[PDB]
Structures are given as C-alpha cells and as structure tokens.
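Q: Shown below is the structure under consideration.
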Amino acid sequence: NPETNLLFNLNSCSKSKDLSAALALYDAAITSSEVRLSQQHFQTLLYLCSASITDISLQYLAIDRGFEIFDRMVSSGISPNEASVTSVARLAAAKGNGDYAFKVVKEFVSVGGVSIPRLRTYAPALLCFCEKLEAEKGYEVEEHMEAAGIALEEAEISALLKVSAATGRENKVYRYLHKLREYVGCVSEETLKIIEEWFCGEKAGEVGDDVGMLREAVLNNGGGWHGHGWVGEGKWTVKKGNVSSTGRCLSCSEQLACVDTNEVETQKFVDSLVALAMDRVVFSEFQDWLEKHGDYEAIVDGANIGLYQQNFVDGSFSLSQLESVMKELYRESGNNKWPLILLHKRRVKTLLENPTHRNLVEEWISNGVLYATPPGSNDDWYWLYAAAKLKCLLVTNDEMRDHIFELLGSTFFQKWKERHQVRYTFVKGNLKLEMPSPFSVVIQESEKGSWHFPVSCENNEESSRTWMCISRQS
Ligand SMILES: [Zn+2]
C-alpha cells in the first residue's frame with residue numbers, strides 16, 4: 001500500500017525535521033503517479049515547511065517549494081485547514097510578502113464553515129507589515145482580527161505600537177498605550193523599551209490639550225485612566241524607580257490609583273455565578289435577602305475562619321477565631337458596619353445546640369450578620385455572590401484553584417482577588433488582617449498626562465518591582 005508508506009515516511013521526516021528527505025518523497029509521488037495524494041500528506045509537508053523557517057539550512061527550500069505544496073492541495077480538491085493556512089502565512093511572512101500572508105487568511109475566513117482562525121494565523125501578516133513600517137496595512141489586520149473575534153496578545157499590540165512610533169503617528173501610539181493597559185496590564189522588558197524609545201524621541205514632545213472635566217473621566221472610567229488625548233507641552237521625563245507600599249512612586253512622588261474592577265465584566269461574573277449556583281435547594285431566596293437587608297463592607301467565609309489552624313482529623317471548630325474576625329472588621333469599619341458571616345446549616349446547628357455558644361450565634365442570626373447556607377449545595381457560591389454583587393471585601397485564606405470553578409475568568413479573577421480578597425493570620429493568640437493593597441499594579445494615566453508602567457517581575461514579584469515613570473513637568 002503506497003499511501004500508508006508515504007504518510008509513515010513523511011512523519012519520520014517530521015520527527016527529525018528532515019525537509020530535504022520528505023521533499024524528495026513528495027517528488028517521487030508526483031512523477032511516478034503511483035500514490036494517491038491526500039490531505040494528511042499535504043498537511044505533514046506544510047507543517048514541516050513552517051517548522052523549517054528557523055533552521056538556516058532548510059529555510060530556502062521551504063520558501064521556494066512551500067507554496068507549490070499548498071497550491072497542489074487546493075487544486076486537488078482539499079480545502080486548507082487552519083494549521084495549513086498558518087504554515088503558508090509564516091512562509092510568506094518570512095520572505096517579506098505581507099499581502100499574500102494577509103490574503104491567504106482572507107480566503108480562509110471567507111468560507112466561515114469550520115475555519116476557527118486563531119491569532120497565530122493573522123500574526124504572520126500583522127508582524128510582516130509592522131516590520132516593513134506599513135502602518136495602514138498593519139491596522140487592517142487588527143480590524144480583520146477584532147471583527148473575526150480574536151484577542152490580541154502583548155506581542156501583536158507591541159508590534160502595532162512599534163510601527164506607530166516608527167511612522168510617528170501620535171494618535172495611534174495613544175491608542176495602543178491603552179490597549180496594553182486594557183489587554184495586558186504589566187509589560188515585558190522589550191515592550192518597555194518600545195515605549196521608552198517613543199517618549200524619549202522628538203515626535204512625542206510635540207503634543208498637547210483643561211483640568212476640571214478630566215477628573216470626572218478618571219472617576220467614571222474606574223480611576224486608572226481618563227482616556228482621551230495627551231496633556232502638556234513637550235519634553236518627557238522618563239525614569240525607572242520603585243513604588244511604596246502605600247501607593248506612591250519614588251520617582252515623581254505622586255499618588256498611584258487603585259482602579260475599580262470593570263463594571264460590565266463584574267456583571268458577567270455574577271450572572272455566570274448564579275447560573276452555576278442555580279443547579280438543584282432554592283438559591284434565589286438568598287439573592288433577594290441580600291438586596292433587602294445587606295449593606296455590609298465585608299463578607300466572611302465562615303467555614304474557612306472557623307477551621308483555620310484546626311485538625312482535619314479531630315473535626316474541631318473555632319467560633320473564637322470567627323468572633324475575632326467579627327470585632328476587628330467592625331472596628332476597622334469607619335461607619336461601624338458588622339460583616340456578614342456565611343456558614344452551613346449543619347455548622348450553625350451543633351453550634352446552636354451547644355449551650356456555651358447558643359446565645360452569640362442566635363444574636364448574629366437575629367441582627368442579620370450571619371446567614372445559614374442550606375445543605376446539598378456549596379457555601380462557596382454564596383460569599384462570592386455576596387462580595388461580588390455588593391462590591392466589597394471577602395475575608396478568606398483560600399486561593400481558589402480548581403476545575404469545578406473553571407468558568408472563573410482567570411484574567412478577571414486574581415485581578416478581582418487582589419482588589420477584593422482579604423487574607424488573614426492568627427499568630428498564637430491575636431488576629432492580623434492582611435488587607436488588599438491601596439494601589440493596583442496596572443498601567444495608568446494621571447490627570448496631568450503622567451503615565452506609569454509596571455514591568456512584569458516574572459521570577460519573584462514583590463514590593464521591589466521597578467516601575468517606569470513618565471511625566472512632563474509643566
Ligand atoms: Zn512617578
């Protein structure tokens with residue numbers, strides 16, 4: 001059987017990255033006319049041609065003979081899959097042909113059946129245009145990506161920022177300094193140098209505008225950014241320097257913002273939370289109970305605080321620790337609001353039928369500062385909902401890492417936990433609440449057009465992270 005032998009030998013070439021050998025077998029199949037060409041033969045060759053772009057000894061062969069393999073695949077009556085289109089997009093981008101790398105994807109997305117065009121399909125085009133300082137054709141790829149419903153990562157956004165800085169398009173540079181802020185957060189060392197080069201450059205110091213109305217724009221957006229135009233005269237003062245624990249940069253000596261988590265994104269969180277919670281008993285009775293009587297500054301994971309530093313074997317529970325968390329949050333509250341504790345019905349009873357505790361537990365149920373979550377369903381979803389919907393603190397020592405709560409948007413979560421979650425500790429006797437930080441680690445604009453960029457300390461992120469401060473002085 002010749003078809004199985006060709007597929008077996010082409011795979012043996014792909015294991016060694018031996019393009020020369022597989023590309024010889026490709027000729028033997030065509031000229032002899034003994035073997036039936038098929039999708040898996042064409043695919044194996046195209047991936048190998050894309051794989052060989054990095055190899056110096058095999059790149060010239062892949063670029064010369066790669067497109068003929070793709071053209072034979074289409075004319076044989078086989079539509080090209082996502083990986084095959086990406087392979088030719090990379091091959092075309094390797095020899096500076098951005099327009100073919102673009103239009104090979106436009107044909108693919110135009111079918112729209114089972115295409116599924118990933119970012120790696122469009123990236124060969126986009127990067128090739130930004131390499132050749134073709135800003136206009138670069139931005140076309142972004143439009144066709146964003147319309148096709150594909151997220152841009154840091155590398156693509158940095159490429160578009162780079163080409164904007166090269167062509168001197170100060171409108172577009174401002175666009176992508178907010179795309180990084182929005183879709184990335186803290187930036188790379190390479191990405192930081194792309195930004196540093198702009199603000200140090202002469203074009204950046206030829207832009208300007210007001211004071212009063214921008215304050216509303218900062219508040220309405222969240223706190224991080226005002227989001228329209230540059231502010232100042234010229235000559236930026238770029239410098240790297242660390243930030244305080246209180247949210248105060250040592251370079252410029254101004255206040256960093258603690259940005260509110262996205263209001264529309266928080267509504268997607270709570271709806272997906274109620275959707276999973278409504279699953280066999282009535283969850284909706286808590287929803288209205290919170291809304292009717294619930295204006296607390298903090299929520300407490302009752303099961304966590306009580307079982308903290310207790311033996312899993314003994315089944316020992318600690319109301320005294322849960323009592324301490326109640327009193328300290330009440331003190332730290334300015335208006336003096338007691339937090340809402342959320343325990344199970346199995347844990348509230350047994351606490352209630354202990355005569356020592358009964359009074360204190362009954363007191364909290366009467367005052368509306370403790371809610372019993374019903375059996376069967378988890379308490380997990382009740383205190384997530386309570387803190388998230390009311391937008392307040394959540395006291396628990398539990399970084400929620402699991403595949404049951406996998407609908408957690410890990411982009412939105414962590415970013416939510418850093419703003420809202422309160423950790424704690426009981427050193428022998430006394431309690432110590434570890435509050436969330438008074439400033440967020442994200443890109444942000446001041447009212448005076450002063451930017452701040454945090455660089456991602458990938459190894460050991462701490463208070464000694466370097467921030468790249470950029471201000472005007474006017
Ligand atoms: Zn600063």
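In the structure tokens, chains take the letters A, B, ... in the order shown, each chain's residues start at 1, and ligands count up from 1 in the order shown.
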Let me see if you get this right: every residue at most 10 Å from ligand 1, counting only C-alpha atoms and all ligand atoms, written as a list in words.
A: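 Residues lying within 10 Å of ligand 1: residues 237, 238, 239, 240, 241, 242, 243, 248, 249, 250, 251, 252, 253, 254, 255, 256, 446, 450, 451, 452, 453, 467, 468, 469, 470 and 471 of chain A.
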Q: Can those selected residues be exported to a file as a PDB file, in the first residue's frame so that it contains N, CA and C atoms?
A:
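Dumped everything to out-v5.pdb:
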ATOM      1  N   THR A 237       9.943  63.300  30.801  1.00  0.00           N
ATOM      2  CA  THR A 237      10.964  62.910  31.776  1.00  0.00           C
ATOM      3  C   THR A 237      10.774  61.438  32.142  1.00  0.00           C
ATOM      4  N   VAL A 238      11.419  60.565  31.372  1.00  0.00           N
ATOM      5  CA  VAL A 238      11.329  59.121  31.573  1.00  0.00           C
ATOM      6  C   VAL A 238      12.376  58.681  32.593  1.00  0.00           C
ATOM      7  N   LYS A 239      11.967  57.829  33.533  1.00  0.00           N
ATOM      8  CA  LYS A 239      12.872  57.287  34.552  1.00  0.00           C
ATOM      9  C   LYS A 239      12.262  56.083  35.277  1.00  0.00           C
ATOM     10  N   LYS A 240      13.100  55.088  35.571  1.00  0.00           N
ATOM     11  CA  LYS A 240      12.685  53.880  36.293  1.00  0.00           C
ATOM     12  C   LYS A 240      12.889  54.070  37.795  1.00  0.00           C
ATOM     13  N   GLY A 241      12.004  53.476  38.591  1.00  0.00           N
ATOM     14  CA  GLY A 241      12.058  53.613  40.048  1.00  0.00           C
ATOM     15  C   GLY A 241      10.946  52.867  40.764  1.00  0.00           C
ATOM     16  N   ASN A 242      11.230  52.424  41.987  1.00  0.00           N
ATOM     17  CA  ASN A 242      10.297  51.597  42.756  1.00  0.00           C
ATOM     18  C   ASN A 242       9.142  52.403  43.345  1.00  0.00           C
ATOM     19  N   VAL A 243       8.123  51.682  43.811  1.00  0.00           N
ATOM     20  CA  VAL A 243       6.897  52.273  44.357  1.00  0.00           C
ATOM     21  C   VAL A 243       6.720  51.862  45.821  1.00  0.00           C
ATOM     22  N   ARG A 248       2.730  55.119  46.176  1.00  0.00           N
ATOM     23  CA  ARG A 248       3.385  56.408  45.974  1.00  0.00           C
ATOM     24  C   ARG A 248       4.740  56.174  45.302  1.00  0.00           C
ATOM     25  N   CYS A 249       4.858  56.582  44.036  1.00  0.00           N
ATOM     26  CA  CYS A 249       6.077  56.354  43.257  1.00  0.00           C
ATOM     27  C   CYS A 249       7.208  57.235  43.767  1.00  0.00           C
ATOM     28  N   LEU A 250       8.379  56.635  43.963  1.00  0.00           N
ATOM     29  CA  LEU A 250       9.543  57.357  44.483  1.00  0.00           C
ATOM     30  C   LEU A 250      10.170  58.308  43.453  1.00  0.00           C
ATOM     31  N   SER A 251       9.896  58.086  42.164  1.00  0.00           N
ATOM     32  CA  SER A 251      10.430  58.930  41.089  1.00  0.00           C
ATOM     33  C   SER A 251       9.776  60.314  41.047  1.00  0.00           C
ATOM     34  N   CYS A 252       8.460  60.347  40.828  1.00  0.00           N
ATOM     35  CA  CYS A 252       7.705  61.604  40.715  1.00  0.00           C
ATOM     36  C   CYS A 252       7.082  62.080  42.033  1.00  0.00           C
ATOM     37  N   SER A 253       6.876  61.156  42.978  1.00  0.00           N
ATOM     38  CA  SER A 253       6.241  61.443  44.277  1.00  0.00           C
ATOM     39  C   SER A 253       4.775  61.875  44.118  1.00  0.00           C
ATOM     40  N   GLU A 254       4.013  61.060  43.387  1.00  0.00           N
ATOM     41  CA  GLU A 254       2.572  61.261  43.191  1.00  0.00           C
ATOM     42  C   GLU A 254       1.806  59.981  43.511  1.00  0.00           C
ATOM     43  N   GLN A 255       0.488  60.118  43.642  1.00  0.00           N
ATOM     44  CA  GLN A 255      -0.382  59.032  44.100  1.00  0.00           C
ATOM     45  C   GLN A 255      -0.783  58.089  42.961  1.00  0.00           C
ATOM     46  N   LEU A 256      -0.499  56.797  43.134  1.00  0.00           N
ATOM     47  CA  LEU A 256      -0.984  55.757  42.218  1.00  0.00           C
ATOM     48  C   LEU A 256      -2.448  55.454  42.526  1.00  0.00           C
ATOM     49  N   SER A 446      -2.311  59.789  34.954  1.00  0.00           N
ATOM     50  CA  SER A 446      -2.659  60.852  35.892  1.00  0.00           C
ATOM     51  C   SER A 446      -3.454  61.918  35.144  1.00  0.00           C
ATOM     52  N   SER A 450       0.592  62.188  33.155  1.00  0.00           N
ATOM     53  CA  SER A 450       1.730  61.416  33.657  1.00  0.00           C
ATOM     54  C   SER A 450       1.393  59.928  33.655  1.00  0.00           C
ATOM     55  N   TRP A 451       2.179  59.145  32.917  1.00  0.00           N
ATOM     56  CA  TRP A 451       1.988  57.696  32.825  1.00  0.00           C
ATOM     57  C   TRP A 451       2.845  56.947  33.838  1.00  0.00           C
ATOM     58  N   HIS A 452       2.448  55.707  34.110  1.00  0.00           N
ATOM     59  CA  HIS A 452       3.226  54.779  34.928  1.00  0.00           C
ATOM     60  C   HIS A 452       3.064  53.371  34.364  1.00  0.00           C
ATOM     61  N   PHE A 453       4.187  52.696  34.122  1.00  0.00           N
ATOM     62  CA  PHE A 453       4.199  51.361  33.532  1.00  0.00           C
ATOM     63  C   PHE A 453       4.926  50.396  34.465  1.00  0.00           C
ATOM     64  N   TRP A 467       9.020  50.281  38.465  1.00  0.00           N
ATOM     65  CA  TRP A 467       8.014  50.950  37.639  1.00  0.00           C
ATOM     66  C   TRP A 467       8.710  51.984  36.755  1.00  0.00           C
ATOM     67  N   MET A 468       8.271  52.096  35.500  1.00  0.00           N
ATOM     68  CA  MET A 468       8.835  53.056  34.550  1.00  0.00           C
ATOM     69  C   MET A 468       7.965  54.316  34.519  1.00  0.00           C
ATOM     70  N   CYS A 469       8.403  55.337  35.257  1.00  0.00           N
ATOM     71  CA  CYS A 469       7.650  56.583  35.423  1.00  0.00           C
ATOM     72  C   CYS A 469       7.921  57.549  34.274  1.00  0.00           C
ATOM     73  N   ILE A 470       6.848  58.102  33.707  1.00  0.00           N
ATOM     74  CA  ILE A 470       6.927  59.058  32.603  1.00  0.00           C
ATOM     75  C   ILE A 470       6.027  60.251  32.930  1.00  0.00           C
ATOM     76  N   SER A 471       6.635  61.428  33.078  1.00  0.00           N
ATOM     77  CA  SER A 471       5.910  62.664  33.387  1.00  0.00           C
ATOM     78  C   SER A 471       6.483  63.842  32.603  1.00  0.00           C
TER      79      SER A 471
END
Q: Excluding segment 29-46 of chain A and residues on its chain fewer than 2 positions from it, collect all residues at most 9 Å away from it, counting only C-alpha atoms, and give them as number ranges by chain.
A: A: 1-3, 6-7, 10-11, 14, 19, 22-27, 48-51, 62, 66-67, 69-70, 72-73, 76, 78-81, 83-85, 87-88
Q: Could you give me, as a PDB file with N, CA, C and O atoms, in the first residue's frame, the residues within 6 Å of segment 316-324 of chain A, counting only C-alpha atoms and dropping anything in the same chain fewer than 6 positions from it?
A:
ATOM      1  N   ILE A 305     -12.537  30.487  58.332  1.00  0.00           N
ATOM      2  CA  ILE A 305     -12.022  31.133  59.553  1.00  0.00           C
ATOM      3  C   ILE A 305     -12.140  30.188  60.755  1.00  0.00           C
ATOM      4  O   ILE A 305     -11.215  30.093  61.568  1.00  0.00           O
ATOM      5  N   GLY A 306     -13.273  29.496  60.856  1.00  0.00           N
ATOM      6  CA  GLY A 306     -13.507  28.535  61.928  1.00  0.00           C
ATOM      7  C   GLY A 306     -12.596  27.321  61.895  1.00  0.00           C
ATOM      8  O   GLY A 306     -12.121  26.877  62.939  1.00  0.00           O
ATOM      9  N   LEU A 307     -12.352  26.788  60.698  1.00  0.00           N
ATOM     10  CA  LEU A 307     -11.485  25.613  60.522  1.00  0.00           C
ATOM     11  C   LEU A 307      -9.995  25.951  60.379  1.00  0.00           C
ATOM     12  O   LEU A 307      -9.168  25.037  60.340  1.00  0.00           O
ATOM     13  N   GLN A 310      -7.090  24.279  62.580  1.00  0.00           N
ATOM     14  CA  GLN A 310      -7.780  23.198  63.287  1.00  0.00           C
ATOM     15  C   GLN A 310      -7.428  21.864  62.647  1.00  0.00           C
ATOM     16  O   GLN A 310      -7.126  21.800  61.454  1.00  0.00           O
TER      17      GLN A 310
END
Q: Pick out each residue of segment 7-173 of chain A that DSSP on the backbone tags as alpha helix (DSSP H); I need them as a ChimeraX atom specification.
A: /A:7-16,19-32,39-51,59-75,82-94,98-111,119-131,135-148,154-167,170-173
Q: So that I can check the surroundings of residue 201 of chain A, please list as a short mmCIF file (atom, residue, chain, number, x, y, z; two decimals) with N, CA and C atoms, in the first residue's frame every protein, DNA and RNA residue that reaches within 12 Å of it, counting only C-alpha atoms and ignoring chain neighbours fewer than 2 positions away.
A:
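What follows is the written file result-v4.cif:
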data_model
loop_
_atom_site.label_atom_id
_atom_site.label_comp_id
_atom_site.auth_asym_id
_atom_site.auth_seq_id
_atom_site.Cartn_x
_atom_site.Cartn_y
_atom_site.Cartn_z
N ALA A 165 5.10 54.21 16.44
CA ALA A 165 6.24 55.03 16.88
C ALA A 165 7.24 55.30 15.75
N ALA A 166 7.38 54.35 14.82
CA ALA A 166 8.27 54.50 13.66
C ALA A 166 7.73 55.52 12.66
N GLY A 168 5.55 57.74 13.33
CA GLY A 168 5.35 59.00 14.05
C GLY A 168 3.88 59.38 14.18
N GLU A 170 1.25 59.83 16.33
CA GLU A 170 0.95 60.09 17.75
C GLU A 170 -0.49 59.83 18.20
N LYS A 193 11.00 48.95 26.39
CA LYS A 193 11.95 49.70 25.55
C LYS A 193 11.30 50.31 24.30
N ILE A 194 10.26 49.67 23.77
CA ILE A 194 9.48 50.24 22.65
C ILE A 194 8.77 51.51 23.11
N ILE A 195 8.24 51.49 24.34
CA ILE A 195 7.57 52.65 24.94
C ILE A 195 8.59 53.72 25.32
N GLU A 196 9.72 53.30 25.90
CA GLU A 196 10.79 54.24 26.29
C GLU A 196 11.34 55.00 25.08
N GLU A 197 11.55 54.29 23.98
CA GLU A 197 12.01 54.90 22.72
C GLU A 197 11.07 55.99 22.19
N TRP A 198 9.76 55.79 22.34
CA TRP A 198 8.77 56.78 21.90
C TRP A 198 8.89 58.08 22.69
N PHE A 199 8.73 57.98 24.01
CA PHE A 199 8.72 59.15 24.89
C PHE A 199 10.06 59.92 24.93
N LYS A 203 9.27 63.29 18.37
CA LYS A 203 7.85 63.37 17.99
C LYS A 203 6.91 63.40 19.21
N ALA A 204 7.25 62.65 20.25
CA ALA A 204 6.43 62.57 21.48
C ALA A 204 6.31 63.89 22.23
N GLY A 205 7.33 64.75 22.12
CA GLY A 205 7.33 66.06 22.77
C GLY A 205 6.75 67.20 21.94
N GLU A 206 5.74 66.90 21.12
CA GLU A 206 5.06 67.89 20.28
C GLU A 206 3.55 67.62 20.30
N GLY A 234 5.73 69.55 26.03
CA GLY A 234 6.79 68.76 25.39
C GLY A 234 7.85 68.32 26.38
N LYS A 235 8.83 67.56 25.89
CA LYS A 235 9.97 67.07 26.68
C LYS A 235 9.55 66.20 27.87
N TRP A 236 9.36 64.91 27.61
CA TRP A 236 9.01 63.94 28.65
C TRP A 236 10.22 63.61 29.53
N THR A 237 9.94 63.30 30.80
CA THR A 237 10.96 62.91 31.78
C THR A 237 10.77 61.44 32.14
N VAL A 238 11.42 60.56 31.37
CA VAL A 238 11.33 59.12 31.57
C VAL A 238 12.38 58.68 32.59
#
Q: Applying 10 Å and only C-alpha atoms, which residues near segment 384-389 of chain A remain after dropping the ones on its own chain fewer than 2 positions away? List them as number ranges by chain.
A: A: 266-267, 269-271, 273-274, 277, 286-287, 290-291, 294, 296-301, 340, 342, 379-382, 391-395, 416, 420-421
Q: How about saving the chosen residues, C-alpha atoms kept, as a PDB file, in the first residue's frame?
A:
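File written: again-v6.pdb
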ATOM      1  CA  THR A 266     -18.331  42.125  37.007  1.00  0.00           C
ATOM      2  CA  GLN A 267     -21.916  41.717  35.695  1.00  0.00           C
ATOM      3  CA  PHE A 269     -19.150  37.232  36.666  1.00  0.00           C
ATOM      4  CA  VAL A 270     -22.273  37.424  38.880  1.00  0.00           C
ATOM      5  CA  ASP A 271     -24.626  36.083  36.138  1.00  0.00           C
ATOM      6  CA  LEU A 273     -22.093  32.581  39.214  1.00  0.00           C
ATOM      7  CA  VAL A 274     -25.896  32.499  39.685  1.00  0.00           C
ATOM      8  CA  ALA A 277     -25.446  28.156  41.647  1.00  0.00           C
ATOM      9  CA  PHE A 286     -30.583  34.496  49.321  1.00  0.00           C
ATOM     10  CA  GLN A 287     -30.334  36.912  46.346  1.00  0.00           C
ATOM     11  CA  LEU A 290     -29.043  40.294  50.459  1.00  0.00           C
ATOM     12  CA  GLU A 291     -30.731  43.039  48.402  1.00  0.00           C
ATOM     13  CA  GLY A 294     -27.483  43.802  53.248  1.00  0.00           C
ATOM     14  CA  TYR A 296     -22.037  45.359  54.694  1.00  0.00           C
ATOM     15  CA  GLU A 297     -18.437  46.428  53.993  1.00  0.00           C
ATOM     16  CA  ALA A 298     -17.162  42.814  54.248  1.00  0.00           C
ATOM     17  CA  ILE A 299     -18.125  39.146  53.771  1.00  0.00           C
ATOM     18  CA  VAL A 300     -16.635  36.243  55.775  1.00  0.00           C
ATOM     19  CA  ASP A 301     -16.111  32.642  54.616  1.00  0.00           C
ATOM     20  CA  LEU A 340     -21.926  39.076  57.089  1.00  0.00           C
ATOM     21  CA  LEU A 342     -21.824  32.630  55.871  1.00  0.00           C
ATOM     22  CA  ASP A 379     -21.431  27.663  50.558  1.00  0.00           C
ATOM     23  CA  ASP A 380     -18.718  28.673  48.010  1.00  0.00           C
ATOM     24  CA  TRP A 381     -21.166  30.457  45.685  1.00  0.00           C
ATOM     25  CA  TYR A 382     -22.956  32.437  48.443  1.00  0.00           C
ATOM     26  CA  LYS A 391     -18.649  45.020  45.537  1.00  0.00           C
ATOM     27  CA  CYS A 392     -16.947  44.723  48.929  1.00  0.00           C
ATOM     28  CA  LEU A 393     -14.292  42.734  50.846  1.00  0.00           C
ATOM     29  CA  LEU A 394     -14.189  38.915  51.058  1.00  0.00           C
ATOM     30  CA  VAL A 395     -12.296  37.503  54.057  1.00  0.00           C
ATOM     31  CA  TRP A 416     -10.557  40.642  41.295  1.00  0.00           C
ATOM     32  CA  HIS A 420     -11.318  42.443  46.985  1.00  0.00           C
ATOM     33  CA  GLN A 421      -9.899  39.372  48.818  1.00  0.00           C
TER      34      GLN A 421
END
Q: Which residue out of A:177, A:244, A:400, A:93 has the minimum interatomic distance to residue 462 of chain A when only C-alpha atoms are used?
A: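 The answer is A:244, which sits nearest to residue 462 of chain A.
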Q: Kindly indicate which residue among A:53, A:327, A:118, A:111 lies nearest to residue 82 of chain A, using only C-alpha atoms for the distances.
A: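 Smallest distance to residue 82 of chain A is found for A:118.
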Q: Looking only at strand (DSSP E) from DSSP on the backbone, list the matching residues of segment 181-390 of chain A as a ChimeraX atom specification.
A: /A:237-242,298-301,340-344,370-373
Q: Could you write those residues out with N, CA and C atoms, as a PDB file, in the first residue's frame?
A:
ATOM      1  N   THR A 237       9.943  63.300  30.801  1.00  0.00           N
ATOM      2  CA  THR A 237      10.964  62.910  31.776  1.00  0.00           C
ATOM      3  C   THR A 237      10.774  61.438  32.142  1.00  0.00           C
ATOM      4  N   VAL A 238      11.419  60.565  31.372  1.00  0.00           N
ATOM      5  CA  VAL A 238      11.329  59.121  31.573  1.00  0.00           C
ATOM      6  C   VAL A 238      12.376  58.681  32.593  1.00  0.00           C
ATOM      7  N   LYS A 239      11.967  57.829  33.533  1.00  0.00           N
ATOM      8  CA  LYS A 239      12.872  57.287  34.552  1.00  0.00           C
ATOM      9  C   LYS A 239      12.262  56.083  35.277  1.00  0.00           C
ATOM     10  N   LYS A 240      13.100  55.088  35.571  1.00  0.00           N
ATOM     11  CA  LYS A 240      12.685  53.880  36.293  1.00  0.00           C
ATOM     12  C   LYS A 240      12.889  54.070  37.795  1.00  0.00           C
ATOM     13  N   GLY A 241      12.004  53.476  38.591  1.00  0.00           N
ATOM     14  CA  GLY A 241      12.058  53.613  40.048  1.00  0.00           C
ATOM     15  C   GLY A 241      10.946  52.867  40.764  1.00  0.00           C
ATOM     16  N   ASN A 242      11.230  52.424  41.987  1.00  0.00           N
ATOM     17  CA  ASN A 242      10.297  51.597  42.756  1.00  0.00           C
ATOM     18  C   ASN A 242       9.142  52.403  43.345  1.00  0.00           C
ATOM     19  N   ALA A 298     -17.957  44.041  54.343  1.00  0.00           N
ATOM     20  CA  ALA A 298     -17.162  42.814  54.248  1.00  0.00           C
ATOM     21  C   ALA A 298     -18.001  41.540  54.375  1.00  0.00           C
ATOM     22  N   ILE A 299     -17.525  40.480  53.723  1.00  0.00           N
ATOM     23  CA  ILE A 299     -18.125  39.146  53.771  1.00  0.00           C
ATOM     24  C   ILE A 299     -17.075  38.185  54.333  1.00  0.00           C
ATOM     25  N   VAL A 300     -17.526  37.196  55.106  1.00  0.00           N
ATOM     26  CA  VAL A 300     -16.635  36.243  55.775  1.00  0.00           C
ATOM     27  C   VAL A 300     -16.987  34.814  55.364  1.00  0.00           C
ATOM     28  N   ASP A 301     -15.987  34.079  54.872  1.00  0.00           N
ATOM     29  CA  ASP A 301     -16.111  32.642  54.616  1.00  0.00           C
ATOM     30  C   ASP A 301     -16.061  31.928  55.968  1.00  0.00           C
ATOM     31  N   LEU A 340     -21.035  40.237  57.188  1.00  0.00           N
ATOM     32  CA  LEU A 340     -21.926  39.076  57.089  1.00  0.00           C
ATOM     33  C   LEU A 340     -21.116  37.779  57.045  1.00  0.00           C
ATOM     34  N   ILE A 341     -21.336  36.905  58.029  1.00  0.00           N
ATOM     35  CA  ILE A 341     -20.732  35.571  58.051  1.00  0.00           C
ATOM     36  C   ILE A 341     -21.660  34.612  57.311  1.00  0.00           C
ATOM     37  N   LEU A 342     -21.069  33.658  56.589  1.00  0.00           N
ATOM     38  CA  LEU A 342     -21.824  32.630  55.871  1.00  0.00           C
ATOM     39  C   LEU A 342     -21.320  31.225  56.220  1.00  0.00           C
ATOM     40  N   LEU A 343     -22.087  30.540  57.073  1.00  0.00           N
ATOM     41  CA  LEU A 343     -21.831  29.154  57.474  1.00  0.00           C
ATOM     42  C   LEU A 343     -22.910  28.234  56.915  1.00  0.00           C
ATOM     43  N   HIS A 344     -22.666  26.931  57.025  1.00  0.00           N
ATOM     44  CA  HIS A 344     -23.631  25.911  56.608  1.00  0.00           C
ATOM     45  C   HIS A 344     -24.699  25.761  57.685  1.00  0.00           C
ATOM     46  N   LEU A 370     -25.300  37.029  60.274  1.00  0.00           N
ATOM     47  CA  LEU A 370     -24.933  35.647  59.964  1.00  0.00           C
ATOM     48  C   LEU A 370     -26.072  35.017  59.166  1.00  0.00           C
ATOM     49  N   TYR A 371     -25.731  34.347  58.066  1.00  0.00           N
ATOM     50  CA  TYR A 371     -26.708  33.676  57.206  1.00  0.00           C
ATOM     51  C   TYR A 371     -26.329  32.204  57.079  1.00  0.00           C
ATOM     52  N   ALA A 372     -27.292  31.320  57.332  1.00  0.00           N
ATOM     53  CA  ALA A 372     -27.089  29.880  57.180  1.00  0.00           C
ATOM     54  C   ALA A 372     -27.323  29.484  55.725  1.00  0.00           C
ATOM     55  N   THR A 373     -26.290  28.942  55.077  1.00  0.00           N
ATOM     56  CA  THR A 373     -26.408  28.428  53.710  1.00  0.00           C
ATOM     57  C   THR A 373     -26.970  26.999  53.775  1.00  0.00           C
TER      58      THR A 373
END
Q: Of the candidates A:367, A:440, A:356, A:309, which shows the shortest atom-to-atom distance to residue 339 of chain A, using only C-alpha atoms?
A: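 Nearest candidate to residue 339 of chain A out of A:367, A:440, A:356, A:309: A:367.
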Q: Which of these residues is nearest to residue 360 of chain A, using only C-alpha atoms: A:13, A:348, A:105, A:147?
A: A:348
Q: Just want the 10 Å neighbourhood of residue 149 of chain A, counted on only C-alpha atoms, with same-chain residues fewer than 4 positions away dropped. Output as a compact mmCIF listing (two decimals) with N, CA, C and O atoms, in the first residue's frame.
A:
# COMPACT_ATOMS: atom_id res chain seq x y z
N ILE A 116 -12.27 28.46 12.18
CA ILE A 116 -11.69 28.70 13.51
C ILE A 116 -10.31 29.37 13.36
O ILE A 116 -9.28 28.78 13.72
N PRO A 117 -10.27 30.61 12.82
CA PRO A 117 -9.00 31.26 12.53
C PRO A 117 -8.36 31.89 13.78
O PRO A 117 -8.81 32.93 14.25
N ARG A 118 -7.30 31.26 14.29
CA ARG A 118 -6.63 31.70 15.53
C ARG A 118 -5.77 32.95 15.30
O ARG A 118 -5.59 33.38 14.16
N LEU A 119 -5.23 33.52 16.38
CA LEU A 119 -4.35 34.69 16.30
C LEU A 119 -3.03 34.39 15.58
O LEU A 119 -2.47 35.27 14.91
N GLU A 143 -8.19 45.12 12.48
CA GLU A 143 -9.62 45.22 12.15
C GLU A 143 -10.22 43.86 11.77
O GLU A 143 -11.28 43.50 12.28
N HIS A 144 -9.52 43.12 10.90
CA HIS A 144 -9.99 41.80 10.46
C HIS A 144 -9.85 40.73 11.55
O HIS A 144 -10.57 39.73 11.53
N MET A 145 -8.93 40.95 12.49
CA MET A 145 -8.80 40.08 13.68
C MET A 145 -9.94 40.35 14.66
O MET A 145 -10.67 39.43 15.03
Q: When you draw a straight line from atom CA of residue 260 of chain A to atom CA of residue 222 of chain A, how long is it in Å?
A: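 Between atom CA of residue 260 of chain A and atom CA of residue 222 of chain A the gap is 4.9 Å.
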